[PDB]
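Worksheet: the structure to be examined is printed underneath.
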Amino acid sequence: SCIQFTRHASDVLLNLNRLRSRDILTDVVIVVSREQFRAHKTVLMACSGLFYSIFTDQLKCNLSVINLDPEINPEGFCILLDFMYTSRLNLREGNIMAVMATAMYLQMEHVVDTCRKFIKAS
Amino acid sequence: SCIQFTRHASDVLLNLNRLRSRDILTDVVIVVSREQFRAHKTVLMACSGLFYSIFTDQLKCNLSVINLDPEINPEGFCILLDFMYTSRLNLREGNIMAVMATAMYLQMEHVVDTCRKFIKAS
Amino acid sequence: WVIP
Amino acid sequence: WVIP
Ligand SMILES: O=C1Cc2cc(Nc3cc(Cl)ncc3Cl)ccc2N1
Ligand SMILES: O=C1Cc2cc(Nc3cc(Cl)ncc3Cl)ccc2N1
Ligand SMILES: [Cl-]
Ligand SMILES: [Cl-]
């Protein structure tokens, strides 16, 4: 018999993104080639099958630095990290291939699905 | 020119609640009288003006245990912690006074607003 | 607020 | 997915 606040989840995600922009309580650095991305482990886990697996591992859960596969493009990662914290995906003709490949590696099934749909249309 | 995934924020919150139920990456214990509640500092901050102030403090940001004011009712806190992680508020005739008082202390303005509306109707 |  |  609960009541529900429709905007609560969106408001929570907006505040988590504000904490990210101000580098508050970030507990991991994701290294992609020369580029470094600070984030919250819990948000990464909530969005990605790969980060979920990494941070539930009894040894890796304690690492402050995670290095991604050298094939991963920093721009594709940046677009996906922004999507994790906002629900908004900056999908463009020039980045769609790098975004889909990064989403497949990160195991972000809904992003992979829209990339496949957008590629099929063109 | 971004696209948006409507269910993303709700799905993120659902996964953060699953991490909470399994005690994964919880980094704080909130003590309310004899009762203890494990949570994620970032989620508490995103939902509450009080926790936002506590964990942005250069000294308190590093505490693993936070003790609430002895006037705070553990059941009222439990109902509010559940709302933080689900958007669902278990508001009942028998708990509305304890929930409103706890939401005022935690600085959760939308919960305070619905409690005031529900009290006014009766 | 809604009835979910 | 929608146009926000
Ligand atoms: O496409 C995706 C997105 C995703 C997220 C998560 N993260 C969780 C899943 C569960 Cl069941 N509980 C807690 C968490 Cl944080 C796992 C796999 C995938 N695949
Ligand atoms: O009723 C409320 C809910 C709430 C949440 C937060 N938390 C934040 C606010 C900002 Cl601007 N950036 C980041 C965070 Cl985590 C502060 C005050 C209140 N009052
Ligand atoms: Cl996804
Ligand atoms: Cl609220």
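Labeling convention for the structure tokens: chains A, B, ... as they appear, residues from 1 per chain, ligands from 1 in order of appearance.
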Transformed chain A, reference chain B, full Cα set in order, as a PDB file with C-alpha atoms, in the first residue's frame:
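As a result, superposed-v3.pdb now contains:
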ATOM      1  CA  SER A   1      21.105  16.123 -29.802  1.00  0.00           C
ATOM      2  CA  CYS A   2      21.202  13.165 -27.271  1.00  0.00           C
ATOM      3  CA  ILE A   3      18.613  10.311 -27.152  1.00  0.00           C
ATOM      4  CA  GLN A   4      17.233   9.244 -23.751  1.00  0.00           C
ATOM      5  CA  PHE A   5      16.462   5.851 -22.152  1.00  0.00           C
ATOM      6  CA  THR A   6      13.248   6.498 -20.113  1.00  0.00           C
ATOM      7  CA  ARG A   7      13.757   3.578 -17.668  1.00  0.00           C
ATOM      8  CA  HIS A   8      17.507   4.206 -16.991  1.00  0.00           C
ATOM      9  CA  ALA A   9      17.199   6.162 -13.675  1.00  0.00           C
ATOM     10  CA  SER A  10      14.655   3.664 -12.226  1.00  0.00           C
ATOM     11  CA  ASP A  11      16.886   0.697 -13.319  1.00  0.00           C
ATOM     12  CA  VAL A  12      19.950   2.356 -11.693  1.00  0.00           C
ATOM     13  CA  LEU A  13      18.008   2.847  -8.404  1.00  0.00           C
ATOM     14  CA  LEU A  14      16.710  -0.755  -8.529  1.00  0.00           C
ATOM     15  CA  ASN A  15      20.325  -2.055  -8.873  1.00  0.00           C
ATOM     16  CA  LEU A  16      21.553   0.216  -6.040  1.00  0.00           C
ATOM     17  CA  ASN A  17      18.749  -1.246  -3.853  1.00  0.00           C
ATOM     18  CA  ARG A  18      19.848  -4.815  -4.841  1.00  0.00           C
ATOM     19  CA  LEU A  19      23.431  -3.881  -3.760  1.00  0.00           C
ATOM     20  CA  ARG A  20      22.002  -2.561  -0.444  1.00  0.00           C
ATOM     21  CA  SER A  21      19.946  -5.775   0.234  1.00  0.00           C
ATOM     22  CA  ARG A  22      23.111  -7.884  -0.407  1.00  0.00           C
ATOM     23  CA  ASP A  23      25.296  -5.467   1.671  1.00  0.00           C
ATOM     24  CA  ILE A  24      27.594  -4.805  -1.368  1.00  0.00           C
ATOM     25  CA  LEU A  25      29.860  -1.688  -1.278  1.00  0.00           C
ATOM     26  CA  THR A  26      27.886  -0.213   1.702  1.00  0.00           C
ATOM     27  CA  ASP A  27      30.297   2.257   3.370  1.00  0.00           C
ATOM     28  CA  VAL A  28      28.373   3.635   6.381  1.00  0.00           C
ATOM     29  CA  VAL A  29      26.239   2.452   9.341  1.00  0.00           C
ATOM     30  CA  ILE A  30      23.487   4.819  10.494  1.00  0.00           C
ATOM     31  CA  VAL A  31      22.717   4.278  14.195  1.00  0.00           C
ATOM     32  CA  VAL A  32      19.157   5.115  15.334  1.00  0.00           C
ATOM     33  CA  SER A  33      18.702   4.307  19.060  1.00  0.00           C
ATOM     34  CA  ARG A  34      19.607   0.561  19.352  1.00  0.00           C
ATOM     35  CA  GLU A  35      19.083  -0.047  15.559  1.00  0.00           C
ATOM     36  CA  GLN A  36      21.774  -0.102  12.828  1.00  0.00           C
ATOM     37  CA  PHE A  37      21.231   0.583   9.102  1.00  0.00           C
ATOM     38  CA  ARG A  38      23.874  -0.076   6.434  1.00  0.00           C
ATOM     39  CA  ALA A  39      23.827   2.167   3.348  1.00  0.00           C
ATOM     40  CA  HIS A  40      25.800   3.882   0.579  1.00  0.00           C
ATOM     41  CA  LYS A  41      26.891   7.452   1.498  1.00  0.00           C
ATOM     42  CA  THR A  42      26.247   8.683  -2.107  1.00  0.00           C
ATOM     43  CA  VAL A  43      22.605   7.466  -2.078  1.00  0.00           C
ATOM     44  CA  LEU A  44      22.015   9.030   1.374  1.00  0.00           C
ATOM     45  CA  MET A  45      23.488  12.364   0.082  1.00  0.00           C
ATOM     46  CA  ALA A  46      21.416  12.261  -3.133  1.00  0.00           C
ATOM     47  CA  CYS A  47      18.187  11.894  -1.064  1.00  0.00           C
ATOM     48  CA  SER A  48      18.772  13.937   2.062  1.00  0.00           C
ATOM     49  CA  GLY A  49      19.880  17.505   2.792  1.00  0.00           C
ATOM     50  CA  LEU A  50      21.185  16.325   6.194  1.00  0.00           C
ATOM     51  CA  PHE A  51      23.377  13.506   4.773  1.00  0.00           C
ATOM     52  CA  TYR A  52      24.496  15.833   1.942  1.00  0.00           C
ATOM     53  CA  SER A  53      25.810  18.285   4.619  1.00  0.00           C
ATOM     54  CA  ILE A  54      27.392  15.482   6.750  1.00  0.00           C
ATOM     55  CA  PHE A  55      29.305  13.735   3.976  1.00  0.00           C
ATOM     56  CA  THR A  56      30.555  16.997   2.305  1.00  0.00           C
ATOM     57  CA  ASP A  57      32.187  17.886   5.642  1.00  0.00           C
ATOM     58  CA  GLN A  58      35.984  17.316   5.371  1.00  0.00           C
ATOM     59  CA  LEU A  59      36.023  15.434   8.763  1.00  0.00           C
ATOM     60  CA  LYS A  60      32.643  13.608   8.766  1.00  0.00           C
ATOM     61  CA  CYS A  61      33.045  12.415   5.096  1.00  0.00           C
ATOM     62  CA  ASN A  62      35.534   9.811   6.518  1.00  0.00           C
ATOM     63  CA  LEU A  63      33.329   8.390   9.317  1.00  0.00           C
ATOM     64  CA  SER A  64      32.018   4.792   8.948  1.00  0.00           C
ATOM     65  CA  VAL A  65      29.397   5.296  11.723  1.00  0.00           C
ATOM     66  CA  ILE A  66      26.856   8.160  12.011  1.00  0.00           C
ATOM     67  CA  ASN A  67      24.651   8.448  15.127  1.00  0.00           C
ATOM     68  CA  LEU A  68      21.312  10.199  14.665  1.00  0.00           C
ATOM     69  CA  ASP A  69      19.569  12.400  17.288  1.00  0.00           C
ATOM     70  CA  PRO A  70      18.011  10.152  20.069  1.00  0.00           C
ATOM     71  CA  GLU A  71      14.501  11.583  19.276  1.00  0.00           C
ATOM     72  CA  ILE A  72      14.608   9.819  15.843  1.00  0.00           C
ATOM     73  CA  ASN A  73      12.385   6.731  15.653  1.00  0.00           C
ATOM     74  CA  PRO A  74      14.077   3.634  14.005  1.00  0.00           C
ATOM     75  CA  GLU A  75      10.852   2.666  12.140  1.00  0.00           C
ATOM     76  CA  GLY A  76      10.477   6.183  10.644  1.00  0.00           C
ATOM     77  CA  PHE A  77      14.131   6.004   9.534  1.00  0.00           C
ATOM     78  CA  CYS A  78      13.672   2.500   8.046  1.00  0.00           C
ATOM     79  CA  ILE A  79      10.589   3.670   5.995  1.00  0.00           C
ATOM     80  CA  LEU A  80      12.604   6.668   4.720  1.00  0.00           C
ATOM     81  CA  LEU A  81      15.722   4.586   3.888  1.00  0.00           C
ATOM     82  CA  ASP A  82      13.446   2.220   1.888  1.00  0.00           C
ATOM     83  CA  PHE A  83      11.953   5.277   0.056  1.00  0.00           C
ATOM     84  CA  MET A  84      15.491   6.552  -0.775  1.00  0.00           C
ATOM     85  CA  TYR A  85      16.316   3.266  -2.543  1.00  0.00           C
ATOM     86  CA  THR A  86      12.898   2.594  -4.172  1.00  0.00           C
ATOM     87  CA  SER A  87      10.835   5.869  -4.632  1.00  0.00           C
ATOM     88  CA  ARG A  88       8.098   4.039  -2.582  1.00  0.00           C
ATOM     89  CA  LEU A  89       6.861   5.490   0.711  1.00  0.00           C
ATOM     90  CA  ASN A  90       5.046   3.209   3.214  1.00  0.00           C
ATOM     91  CA  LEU A  91       2.901   6.009   4.691  1.00  0.00           C
ATOM     92  CA  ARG A  92       0.252   4.806   7.203  1.00  0.00           C
ATOM     93  CA  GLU A  93      -1.991   6.415   9.872  1.00  0.00           C
ATOM     94  CA  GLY A  94       0.144   4.788  12.599  1.00  0.00           C
ATOM     95  CA  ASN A  95       3.521   5.992  11.250  1.00  0.00           C
ATOM     96  CA  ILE A  96       2.796   9.358   9.484  1.00  0.00           C
ATOM     97  CA  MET A  97       3.837  11.505  12.495  1.00  0.00           C
ATOM     98  CA  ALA A  98       7.174   9.616  12.946  1.00  0.00           C
ATOM     99  CA  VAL A  99       7.792   9.644   9.135  1.00  0.00           C
ATOM    100  CA  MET A 100       7.149  13.453   8.831  1.00  0.00           C
ATOM    101  CA  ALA A 101       9.382  14.264  11.861  1.00  0.00           C
ATOM    102  CA  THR A 102      12.181  11.999  10.509  1.00  0.00           C
ATOM    103  CA  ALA A 103      11.839  13.538   6.958  1.00  0.00           C
ATOM    104  CA  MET A 104      12.050  17.081   8.459  1.00  0.00           C
ATOM    105  CA  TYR A 105      15.266  16.100  10.361  1.00  0.00           C
ATOM    106  CA  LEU A 106      16.724  14.357   7.274  1.00  0.00           C
ATOM    107  CA  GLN A 107      15.688  17.357   5.072  1.00  0.00           C
ATOM    108  CA  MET A 108      13.672  15.310   2.505  1.00  0.00           C
ATOM    109  CA  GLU A 109      11.375  18.102   1.317  1.00  0.00           C
ATOM    110  CA  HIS A 110       9.086  16.082  -1.022  1.00  0.00           C
ATOM    111  CA  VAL A 111       8.302  13.528   1.775  1.00  0.00           C
ATOM    112  CA  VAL A 112       7.601  16.412   4.237  1.00  0.00           C
ATOM    113  CA  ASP A 113       5.188  17.919   1.611  1.00  0.00           C
ATOM    114  CA  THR A 114       3.137  14.693   1.115  1.00  0.00           C
ATOM    115  CA  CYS A 115       2.991  14.067   4.938  1.00  0.00           C
ATOM    116  CA  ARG A 116       1.632  17.624   5.502  1.00  0.00           C
ATOM    117  CA  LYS A 117      -0.948  17.036   2.702  1.00  0.00           C
ATOM    118  CA  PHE A 118      -2.059  13.627   4.114  1.00  0.00           C
ATOM    119  CA  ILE A 119      -2.338  15.026   7.707  1.00  0.00           C
ATOM    120  CA  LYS A 120      -4.394  18.057   6.449  1.00  0.00           C
ATOM    121  CA  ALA A 121      -6.900  15.691   4.659  1.00  0.00           C
ATOM    122  CA  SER A 122      -7.622  13.847   7.983  1.00  0.00           C
TER     123      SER A 122
END
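One distance worth recording is that between atom 6 (C, counted along the ligand's line) of ligand 2 and CA of residue 1 in chain C, which is 19.0 Å.
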